[PDB]
């Protein structure tokens, strides 16, 4: 099962090579560092899908070891919250990597919304930082300065159109339901 399974030579080699790949500009994003420059990053749902593809929906897993709210300060009706979270990712073979994630909220007048924001972000930021340990294909390149420069020198493509034609429209999954029944 999980934690038990050992990678086969074929899967090992494939994944080992694959993880080396660098991400295209279709994955990177940016925000304006407070006072600083443009900071690139990969959106959460991206990294999640990347993983599901690299290891399969049931080939990787993560858990929150711990989340600690550093502080919740109030400066004239505005809330400044700092939160950290420790996430640990594990592959089906027992292999694992753990890292710290950090969430922040410095404006909002709502305390609830400030926490919700910091807590959720800290986790995702943790999961992402943890998966980067597996290779460039999961984000380890995002840190490489040389990598970044090579990104600007590229055609700043425009958002991809999402074709929702073959989108799931109802619950049932005959293909799946069948395979499963034959699994008993």
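Positions refer to the first chain, counted from 1.
When the C-alpha B-factors of 13-21 and 165-173 are averaged, 165-173 comes out higher. Mean CA temperature factor is higher for 151-159 when stretches 56-64 and 151-159 are set side by side in the entry.
Among 34, 126, 44, 139, the highest C-alpha B-factor recorded in the PDB entry belongs to 34.
Per-chain ranking of the deposited C-alpha B factor places residue 28 in the highest third. In the PDB entry, residue 183 places in the highest third of its chain by CA B-factor. In the PDB entry, residue 114 places in the middle third of its chain by CA B-factor.
Compared with the other modelled residues of the chain, the Cα B-factor recorded for residue 79 ranks in the highest third. Residue 120: CA B factor in the lowest third of modelled residues in this chain (values from the PDB entry).
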